[PDB]
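See below for the structure under consideration.
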Amino acid sequence: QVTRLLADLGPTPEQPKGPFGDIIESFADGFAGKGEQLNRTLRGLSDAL
Amino acid sequence: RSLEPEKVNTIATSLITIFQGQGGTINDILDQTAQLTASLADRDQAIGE
Amino acid sequence: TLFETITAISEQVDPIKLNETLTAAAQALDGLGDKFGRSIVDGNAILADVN
Amino acid sequence: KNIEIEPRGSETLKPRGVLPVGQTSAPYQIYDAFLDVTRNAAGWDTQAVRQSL
Amino acid sequence: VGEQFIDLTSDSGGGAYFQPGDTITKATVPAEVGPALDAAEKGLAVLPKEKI
Numbered sequence: 151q152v153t154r155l156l157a158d159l160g161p162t163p164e165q166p167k168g169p170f171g172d173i174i175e176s177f178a179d180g181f182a183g184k185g186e187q188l189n190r191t192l193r194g195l196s197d198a199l
Numbered sequence: 148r149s150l151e152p153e154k155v156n157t158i159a160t161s162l163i164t165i166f167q168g169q170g171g172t173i174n175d176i177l178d179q180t181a182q183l184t185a186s187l188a189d190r191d192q193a194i195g196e
Numbered sequence: 155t156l157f158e159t160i161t162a163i164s165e166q167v168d169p170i171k172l173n174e175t176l177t178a179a180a181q182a183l184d185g186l187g188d189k190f191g192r193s194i195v196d197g198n199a200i201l202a203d204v205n
Numbered sequence: 106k107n108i109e110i111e112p113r114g115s116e117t118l119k120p121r122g123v124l125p126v127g128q129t130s131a132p133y134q135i136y137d138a139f140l141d142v143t144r145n146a147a148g149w150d151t152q153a154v155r156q157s158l
Numbered sequence: 105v106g107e108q109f110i111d112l113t114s115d116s117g118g119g120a121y122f123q124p125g126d127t128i129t130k131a132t133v134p135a136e137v138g139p140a141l142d143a144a145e146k147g148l149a150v151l152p153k154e155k156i
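The listed protein sequences correspond, in order, to chains D, B, A, C and F. Be aware that the first sequence starts at 151, since it is given in the entry's author numbering, and climbs by one per residue. Be aware that the second sequence starts at 148, since it is given in the entry's author numbering, and climbs by one per residue. Be aware that the third sequence starts at 155, since it is given in the entry's author numbering, and climbs by one per residue. Be aware that the fourth sequence starts at 106, since it is given in the entry's author numbering, and climbs by one per residue. Be aware that the fifth sequence starts at 105, since it is given in the entry's author numbering, and climbs by one per residue.
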């Protein structure tokens with residue numbers, strides 16, 4: 151099971167960083183500088199709702 | 148205990164079924180709601196009065 | 155090399171921030187996860203009748 | 106295996122004293138951990154997980 | 105730590121029986137430790153830690 155999960159969810163020639171590396175990179179770059187804005191939006195939405 | 152196969156599989160298949168090719172739809176939703184809410188928030192004083 | 159890689163990964167987690175993030179996320183839906191899905195279905199019906 | 110004791114309270118436990126079952130805990134076995142992780146990872150639909158990520 | 109052996113597995117557990125001097129062609133071997141360690145190291149080293 152360790153070998154199977156490391157092979158299937160690991161890096162491949164087409165995906166050099168693997169699924170987890172790609173998802174953490176996309177979330178780190180796609181949400182950079184939006185922490186405070188998301189906090190303010192969530193607080194305002196919660197108050198209004 | 149949180150890595151149970153059934154929950155992981157159901158979550159994965161559901162996320163696939165939901166976000167399959169919905170980048171354009173979500174981009175449209177974000178742009179439309181941004182414009183509408185900016186227009187509504189430009190009348191903050193008017194809504195208050 | 156495996157231990158050095160695991161250490162390099164673990165030095166970035168900073169468990170205080172992870173703990174507060176996970177606590178906020180857990181409190182966000184601590185007892186209402188079926189309610190939110192039923193809400194999404196209800197909003198689907200609402201939009202299908204309003205549009 | 107070994108037993109760890111954390112003393113609490115001001116009263117003193119007399120000889121042949123019995124601690125409550127509610128003040129005692131059992132360990133999480135290493136073989137239990139391996140069993141849990143392997144039996145959970147063996148049911149995963151790994152292609153679906155990769156697609157979702 | 106070791107102690108290899110060979111297990112003869114039959115899901116049906118019945119039917120025709122092997123005769124003396126025969127040969128079993130279908131076989132399997134466990135995943136080796138070296139490939140697993142290499143896969144683990146590769147799959148962990150690619151993760152961008154600064155992005156984490």
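Backbone N, C-alpha and C define an ideal beta-carbon position, used for all residues, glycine too.
Neighbour flag for residue i against chain D, beta carbons, 8 Å
i, result
"residue 133(F)", "no"
"residue 158(C)", "yes"
"residue 105(F)", "no"
"residue 147(F)", "yes"
"residue 153(C)", "no"
"residue 143(C)", "yes"
"residue 147(C)", "yes"
Beta-carbon gap between residue i and residue j smaller than 8 Å
i, j, result
"residue 161(D)", "residue 146(F)", "yes"
"residue 191(D)", "residue 139(F)", "no"
"residue 124(C)", "residue 169(D)", "no"
"residue 196(B)", "residue 145(C)", "no"
"residue 151(F)", "residue 160(A)", "no"
"residue 158(D)", "residue 143(C)", "no"
"residue 201(A)", "residue 190(A)", "no"
"residue 156(F)", "residue 166(A)", "yes"
"residue 156(D)", "residue 144(F)", "yes"
"residue 176(A)", "residue 141(F)", "no"
Of the listed residues the options, nearest to residue i (C-alpha basis)
i, options, result
"residue 128(C)", "146(C), 120(C), 109(C)", "109(C)"
"residue 106(C)", "139(C), 142(C), 112(C), 135(C)", "135(C)"
"residue 153(C)", "190(B), 169(B), 159(B)", "159(B)"
Residue-chain proximity (residue i, chain F), Cβ-Cβ < 8 Å
i, result
"residue 167(D)", "yes"
Proximity test, Cβ basis, 8 Å: residue i and chain B
i, result
"residue 137(C)", "no"
Local conformation of residue i per DSSP, three classes
i, result
"residue 160(D)", "coil"
"residue 172(B)", "helix"
"residue 183(B)", "helix"
"residue 139(C)", "helix"
"residue 149(B)", "coil"
"residue 158(C)", "coil"
"residue 139(F)", "helix"
"residue 157(A)", "helix"
"residue 194(B)", "helix"
"residue 109(F)", "coil"
"residue 154(F)", "coil"
Minimum Cβ-Cβ distance from residue i to chain C less than 8 Å
i, result
"residue 181(B)", "no"
"residue 197(D)", "no"
"residue 187(D)", "no"
"residue 156(D)", "no"
"residue 181(D)", "no"
Cutoff 8 Å: residue i Cβ touching any chain A Cβ
i, result
"residue 144(F)", "yes"
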